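Working notes, structure below.
Residue numbers (the authors' numbering), protein chains in the order written: chain A, 105 to 118, 123 to 194, 198 to 241; chain A', 105 to 118, 123 to 194, 198 to 241; chain A'', 105 to 118, 123 to 194, 198 to 241. A prime marks a further copy of an entry chain.
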């Protein structure tokens, strides 16, 4: 029986845009959403998945998922999508990573006031301890 | 040892298009494909993943994955992709959700006679009990 | 506690382009990267995920993930993405498959000298025994 956390947006805060996250599914207690980041309390291997739904015209959009721990900062994975010059695209990515207690997980979109959907069905972030 | 179900198309039936599903991998017995829906017999937390391969010209395409249970209907997640005006795009999404026995899982594409691939390598639906 | 393998590029080798893979996370011992393929030593059910980050102009890009075992060759899944005529797109796909010891897993891009990113955050391949 695995520990899990599935998070959806509460609001979008504006080089960078981030998402304030709220839990809608939680089992176990080794992970905690604290506003726009997720704290890791339990060292382990986790499946981490991220989707962002973008509405921006023209430019390449994508999210970057990173870990910052005892002294260093590391990108884990990124999703990238070209947008039509006209409108709509979800960007999903996921992978398996060793996370260390004390780690902070960030999901950042490297554009100002990025037009991201608040919809829980389109933009979400989650974890499964493996 | 986890219960799992991986499903692929048998045919595509035409506001809405759906897929008739057939199992190609099954372990355990808490899930059942019944034509264009999947019944959940066992309450639990599941990773649910969905890919659809689209061939439509011009318009935004995407699939919507939902649960209908004791009295209510809920979208779980959606995938969205703009299509070139020219041709080809897979749309993958997945997440972790608490499903209740008696639940019906639907995968719907909100366009008439949507040009979806029957290929099992391009359009598929699956579950892993966590 | 699941066996896992997360692999990233070392270099890209040129009808076909493949990736030479190196492990960055490994638990258990039922899987082995050997250059551009992955050998399966342990029969089981695995979540297999693949992302490729493409930089090619114009044409439809995508990767194909296959298994070759005792006498037969089988596509497992593929990801497909149209590219702008202008630039950038990640293609992620994943699914659950029964793999047999002795199996060889391949990730192929069906274009010559495909412009793929070596970045470990953009192009990766992984496995979780279920």
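Even for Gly, the Cβ is constructed at its ideal location relative to N, Cα and C.
| query | Which value, in whole angstroms, describes the spacing of the CA atoms of residue 164 (chain A'') and residue 148 (chain A')? | reply | 42 Å
| request: Tell me, please, whether the region 170-177 of chain A'' touches the region 176-193 of chain A' by the rule of three or more beta-carbon pairs shorter than 8 Å. | output: No contact exists between the region 170-177 of chain A'' and the region 176-193 of chain A'.
| task | From the DSSP output, read off the bridge partner residues of residue 129 (chain A''). | result | A'':113
| message | For residue 120 (chain A'') and residue 218 (chain A''), what's the separation of their Cα atoms in angstroms? | response | In this structure residue 120 (chain A'') is absent; chain A'' steps straight from 118 to 123.
| task | Compute the Euclidean distance between the alpha carbons of residue 133 (chain A'') and residue 151 (chain A), then round it to the nearest angstrom. | result | 14 Å
| said: Tell me the rounded alpha-carbon separation between residue 146 (chain A') and residue 205 (chain A'). | reply: 16 Å
| Beta-carbon neighbours of residue 206 (chain A'), restricted to chain A and to distances below 8 Å | 110, 157, 159, 235, 237
| Mind pulling the chain A' residues with CB within less than 8 Å of residue 184 (chain A'')? | Contact of residue 184 (chain A'') with chain A' by beta-carbon distance below 8 Å involves 232.
| request: Could you tell me which residues DSSP puts in a beta bridge with residue 145 (chain A)? | output: Its beta-bridge partners are A:142, A:217.
| field | 8 Å Cβ cut-off: residues of chain A' touching residue 168 (chain A'') | value | 198, 199
| message | Check whether chain A' comes within 9 Å of residue 226 (chain A), counting only Cβ atoms and requiring the distance to be less than that. | response | no
| Sub-9 Å separation of residue 154 (chain A'') and residue 210 (chain A'') beta-carbons | yes
| message | Any beta carbon from chain A'' within less than 9 Å of residue 164 (chain A')'s own beta carbon? | response | no
| According to the Cβ coordinates, are residue 226 (chain A) and residue 162 (chain A) closer than 9 Å? | A contact, by the Cβ cut-off of 9 Å.
| Beta-carbon proximity list for residue 115 (chain A''), same chain, < 6 Å, skipping 5 on both sides | 128
| Nearest-angstrom Cα distance between residue 230 (chain A) and residue 216 (chain A'')? | 37 Å
| CB residue 234 (chain A'') to CB residue 113 (chain A''), shorter than 9 Å? | yes
| said: In the DSSP output, what is residue 200 (chain A'') paired with across the bridge? | reply: Answer is A:189, A'':162, bridged to residue 200 (chain A'').
| List, in order along the chain, the chain A residues whose C-beta lies closer than 8 Å to that of residue 192 (chain A'')? | 190
| Where residue 167 (chain A') falls: helix, strand or coil (DSSP) | coil
| Buried versus exposed call for residue 118 (chain A') [16 or more other C-beta atoms within 10 Å across all chains shown] | In this structure residue 118 (chain A') is exposed. Its beta-carbon is surrounded by fewer than 16 other beta-carbon atoms within 10 angstroms.
| Where does residue 118 (chain A'') sit, in a helix, a strand or coil, going by DSSP? | coil
| request: Please name the residues in the region 124-150 of chain A' whose beta-carbon is closer than 7 Å to at least one beta-carbon of chain A'', in chain order. | output: 133, 135
| task | Output, in chain order, the set of chain A'' residues within a Cβ distance shorter than 7 Å of residue 209 (chain A). | result | Contact annotation for residue 209 (chain A) against chain A'': 133 [CB-CB distance below 7 Å, chain order].
| query | If we call anything under 9 Å between Cβ atoms a contact, is residue 156 (chain A) one with residue 108 (chain A)? | reply | Residue 156 (chain A) is not a Cβ neighbour of residue 108 (chain A), given a cutoff of 9 Å.
| said: I want to verify the contact list: residues of chain A'' whose CB lies under 8 Å from the CB of residue 203 (chain A'), in sequence order. | reply: 187, 203, 204, 205
| 7 Å Cβ shell around residue 181 (chain A'') - same chain, five flanking residues per side excluded | 174
| task | Starting from residue 175 (chain A), trace the beta strand (DSSP E) both ways and give me its first and last residue. | result | Here the beta strand (DSSP E) through residue 175 (chain A) covers 172-176.
| field | Own chain residues within Cβ distance below 6 Å of residue 135 (chain A''), not counting five before or after | value | 107, 108
| request: Verify whether the separation of the beta carbon atoms of residue 166 (chain A) and residue 198 (chain A'') is less than 9 Å. | output: no
| Backbone secondary structure at residue 207 (chain A) - three-state DSSP | strand
| task | Taking C-beta pairs closer than 8 Å, name the residues in chain A'' that residue 241 (chain A) reaches, listed in chain order. | result | Those within 8 Å of residue 241 (chain A) in chain A'' are 105, 106, 108, 239.
| query | What is the C-beta distance between residue 159 (chain A'') and residue 201 (chain A''), in whole angstroms, given that I count them as a contact (C-beta under 8 Å)? | reply | Between residue 201 (chain A'') and residue 159 (chain A'') the Cβ distance is about 6 Å, and since that is below 8 Å, they are a contact.
| Three-state secondary structure assigned by DSSP to residue 135 (chain A') | strand
| said: Judging by CA-CA distance, which residue of A:193, A:213, A:144 is the nearest neighbour of residue 125 (chain A)? | reply: The residue with the shortest Cα to Cα distance from residue 125 (chain A) is A:144.
| task | Identify every residue that forms a DSSP beta bridge with residue 183 (chain A'). | result | A':174
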